[PDB]
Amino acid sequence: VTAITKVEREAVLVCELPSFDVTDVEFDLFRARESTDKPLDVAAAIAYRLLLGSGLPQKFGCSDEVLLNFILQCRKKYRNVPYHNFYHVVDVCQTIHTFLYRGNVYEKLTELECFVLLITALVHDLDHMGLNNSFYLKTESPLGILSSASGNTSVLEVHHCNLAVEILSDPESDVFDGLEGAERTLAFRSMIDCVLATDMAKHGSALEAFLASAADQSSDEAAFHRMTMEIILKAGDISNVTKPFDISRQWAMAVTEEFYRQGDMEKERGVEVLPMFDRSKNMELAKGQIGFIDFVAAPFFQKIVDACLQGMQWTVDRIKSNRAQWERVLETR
C-alpha cells in the first residue's frame, strides 16, 4: 500500500455535490456520476460526507485525513467491471446510512457498530473481478483450489477480508487506529463476520439465524447485535430493488452485463453457463427482476421489517411498487 498523496485528497475535497442530499432514500448515484467528468472523485466525496455527517469517525479518534486515505485506498482496489466496482460499494454505504438513520436501525446498535457498518460497506467487495464464487470453483482456478484446499468456499468474501486487513494495517489508512483492546477486536471481527455473511450461499441460514434471534427475548445481546450488522450489510448488498424504478433498472442492466461477461468466459473455458449468464438467451429484464423480487428480495425485506426492522417498511413498499411497474412493462409489451 503506497500512501495517498495530498493531490489525491484535494481532488476529492473540491467536490461540493451541489443539489445532492446523500442521506436521502431517493438519492441517485447515477445522476451524481453523470454530474461531472470525475465520477470516481464524486463517489469518494459521497463516502467522505456520509462518514463525517454520521459524526462517528470523530468519536473514535479517526481524523478527517485518515478517513479520506482509507476511502482512496479502498477505491484503488476496485476494478473497472460493470457492477462490483467502487460505485456499488459507495451505493451500499449510502444505502446502509439510510437504513441506520432514516429506518432508525441505529437504535439497535452501538455507535461503534454503526461506524463499522459504514466502513465495512466500502471494503465488502475489494478487488472483485466480475466473476462469482462458482466461476472460480468450476474452472479449478488457483483461488478456487486454495478455497477448496483450506475448507472455505466463500472464495471472494475471504479475498475481500484479506485486502481489508491489508489497508487497515497501515496507521495512515486505519479508520480503527483510535481503538484498542476489546473495541479494536470487535471492530475487526464484526467487519469480517459482515463481509463473510454477504456470500449468497449463506443467505437462507443468515436470514433464519437473525429471525430466530429477533423472536427470542432471551437471545444473547452480543449475538443479536452481530446478526443485525450481518443482516444490514446483506440488506444493503441486495438493496437495488428497493430503489426508485429507474435507479433499480440501471443497477439491473449493470449486473446483467457482468453476468454475460462471466458466461462468455465460461463458454471460452468450456464450463457450464447458467441461462442467466448466457448472452444468447437474451432473457427479459422484467421477468428477471420479478423473479428476484418474488423468491429473494420481497420475502427478505418483509420478514426483517416484520421481525423488528419496522422503520425500514419503505423498502417493502418500493419492492411492491417496482414489481407492479415491471408487470406493466410485461402487460404493454
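Numbers for residues come from their place in the sequence shown, where the first is 1. Take the two forms, superpose them, and find the largest set of C-alpha atoms that agree within 1.5 Å; that set is the rigid core.
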| remark: Between 275 to 283 and 44 to 52, the one drifting more in C-alpha RMS in 8 other deposited structures of this protein once the core is aligned is 275 to 283
| task | Could you check the entry and say whether 161 to 169 or 139 to 147 has the higher mean CA B-factor? | result | 139 to 147
| Higher mean Cα B-factor in the deposited model: 120 to 128 or 259 to 267? | 259 to 267
| Of the choices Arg184, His97, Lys76, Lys234, which one's C-alpha carries the largest B-factor in the record? | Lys76
| query | If you check the C-alpha B-factor for each of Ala286, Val305, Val296, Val42 in the entry, which is highest? | reply | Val42
| field | Third of the chain's Cα B-factor distribution that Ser19 belongs to, per the entry | value | highest
| request: Using the B-factor values recorded in the entry, state whether the Cα atom of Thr153 falls in the lowest, middle or highest third among the modelled residues of its chain. | output: highest
| note | Chain-relative C-alpha B factor for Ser190 (record values, thirds): the lowest
| query | In terms of the CA temperature factor given in the entry, to which third of its chain does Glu113 belong: lowest, middle or highest? | reply | lowest
| note | Assert third(CA B-factor, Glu180) within chain per record equals highest
